[PDB]
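Shown here is one chain on its own, the form solved without the partner chain, set out as structure tokens.
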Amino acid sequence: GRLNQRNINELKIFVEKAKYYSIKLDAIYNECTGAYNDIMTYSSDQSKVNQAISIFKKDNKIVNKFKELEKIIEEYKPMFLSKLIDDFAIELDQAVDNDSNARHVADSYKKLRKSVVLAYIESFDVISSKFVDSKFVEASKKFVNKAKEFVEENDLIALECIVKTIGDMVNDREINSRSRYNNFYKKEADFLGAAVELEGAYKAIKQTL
């Protein structure tokens, strides 16, 4: 009983501590989208490449935003996350210092952004693997697999759905298995299904408490 309470509580604390994770990643994306687009395309017009780089580097704000997400999941984060952030920081700094083709900065940004989404799922995975309840463990494994598949299709949309659905679960709100994207993303429906299976298993733990 101590263990099943410790399990629920740990999950609930994490989800609530991370409830802005999707909103915050979206904010990075929105700030960087025009800069990202110009690096990918004008890498032709140099003037624009340098101004796009400036937007990523300015006041180290974007790197600092990734560090903020990293801190939200500090206790669970995957070992790689700190390094990927630093390696991005480094590459951006070389693109600034050695002023023309900046596609590698944009690629490294894309890679980091996907890895931050995957770090949320990694945190959920670690937490869920402490659960004594085997039905919950099985449902968590299926959930993680469907989550990762959805991330491959679209990292930010997948994160938005994972955060929404896990949030709904831990706050006793019924998960909606209806597509919020007119079924545009081929992996949404199965993810939502797995979230509903996870909800049934979680409900069980909860109502025996």
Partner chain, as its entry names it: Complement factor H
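We call the rigid core the largest set of C-alpha positions that still match within 1.5 Å between the two forms. Residue numbers count along the first chain shown, from 1.
As for the form deposited with the partner chain bound, it is not shown, yet the points below apply to it.
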Report whether all of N4, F136 and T165 sit within 4.5 Å of the partner chain in the bound PDB entry, measuring from non-hydrogen atoms. no
Closest heavy atom of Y20 to the partner chain in the bound PDB entry, within 4.5 Å or not? no
Interface membership of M40, the partner chain in the bound PDB entry, 4.5 Å heavy atom rule: yes
Taking the partner chain as it sits in the bound PDB entry, is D45 in contact with it (heavy atom to heavy atom, 4.5 Å or less)? yes
Although the partner isn't part of this model, could you tell me whether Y36 comes within 4.5 Å of the partner chain in the bound PDB entry, counting any heavy atom of the residue? yes
In the bound PDB entry, the residue from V144, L156, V170, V63 with a non-hydrogen atom within 4.5 Å of the partner chain is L156
In the bound PDB entry, segment of 110-118, 74-82, 126-134, 89-97 with a heavy atom within 4.5 Å of the partner chain: 110-118
In the bound PDB entry, residues of 179-209 near the partner chain [heavy atom within 4.5 Å]: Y181, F184, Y185
Hey, does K114 budge by 2 Å or more at the Cα between the shown form and the other one once the core is superposed? no
After the core is matched up, is the C-alpha of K135 off by 2 Å or more between the shown form and the other one? no
